[PDB]
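There is one chain below, alone, in structure tokens, taken in the form deposited without this ligand.
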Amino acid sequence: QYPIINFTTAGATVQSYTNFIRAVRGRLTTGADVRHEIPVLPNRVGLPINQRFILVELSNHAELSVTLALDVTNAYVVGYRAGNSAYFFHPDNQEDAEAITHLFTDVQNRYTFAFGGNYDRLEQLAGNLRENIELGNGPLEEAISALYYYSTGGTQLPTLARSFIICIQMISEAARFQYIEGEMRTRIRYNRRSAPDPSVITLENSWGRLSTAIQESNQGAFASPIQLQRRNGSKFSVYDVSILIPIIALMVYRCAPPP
């Protein structure tokens, strides 16, 4: 079985959430590849199937549990299991379609959605943009329930899509970015639920580009600046990896490190 990390929203604290995100990062990366102090996820090329996924078992105060599957190559959610049913996002290619056959192999009912898990598509289905979907422990608690009840007709598709958006940001994006982990820690600390501000949204949108810019940099210096947003929506440019070391925790593999 793939590695399993457990988290519950029931009585969650800053520390329990922090322990969780740190454990997820530890199972996503091996320590083999660290560039400018930033870990790089395993290269998909040649990655054995037995090392391809990790599992995040989420429980809530309602005593419901679901298990998300994350791809180690990008830290993103590929599907989930609840009881006797499992659901997978539409795969991008045949290799990924084959790979997900190795997940939740004893589940009685397996389904693949016709839609992918990218935000553009999930927002369309949810009927809301990320800027209008609240995040926090309550939202996560609710998301777990919604995912749990999908197979029995209890959850409408827009609510399912919204629930994925919540889970992906609070787990995948938090694993990818200390900054986003921090944003979720704050919501937990004060029991606040609020939508992500522009700084969070723009970081999420830029993860792939930041990964490439860092890995292809000249001694850390970007050939082309990357524009991000502040919390108030104002734009600024990033010219160097240095300022991102406290912000980005994981990068997708883009190229081999230079000699």
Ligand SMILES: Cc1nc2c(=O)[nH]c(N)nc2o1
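So that the term is clear: the rigid core is the largest set of C-alpha atoms that superpose within 1.5 Å between two forms. Residues that one form lacks are left out of the comparison. Numbers follow the displayed sequence, beginning with 1.
Comparing 10 to 18 with 234 to 242, the stretch with the higher mean C-alpha B-factor in the PDB entry is 234 to 242.
Here 175 to 183 and 125 to 133 are compared by their mean Cα B-factor, and 125 to 133 comes out higher. Looking at the C-alpha B-factors along this chain, the one for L160 belongs to the middle third. Among all modelled residues in its chain, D71 ranks in the lowest third by Cα B-factor. Among the modelled residues of its chain, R209 has a C-alpha B-factor that falls in the lowest third according to the deposited record. Annotation for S145: C-alpha temperature factor in the middle third relative to the rest of the modelled chain, per the entry.
In the deposited entry, the Cα temperature factor of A32 places it in the highest third of its chain's modelled residues.
There is another form of this protein, the form solved in complex with this ligand, and it is not shown here; the text below is about that form.
At a distance threshold of 4.5 angstroms between non-hydrogen atoms, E181 is out of contact with this ligand in the entry with it bound. Under a 4.5 angstroms non-hydrogen atom cutoff, this ligand in the entry with it bound has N118 among its neighbouring residues. Proximity of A75 to this ligand in the entry with it bound falls within the 4.5 Å heavy atom cutoff.
Looking at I168, you'd find a heavy atom of it within 4.5 angstroms of this ligand in the entry with it bound.
Contacts between 169 to 189 and this ligand, taken as any heavy atom within 4.5 Å in the entry with it bound, involve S172, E173, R176. Segments of at least three consecutive residues in which every Cα is displaced by 2 Å or more between the shown form and the other one, once the core is aligned, occur only at 257 to 259.
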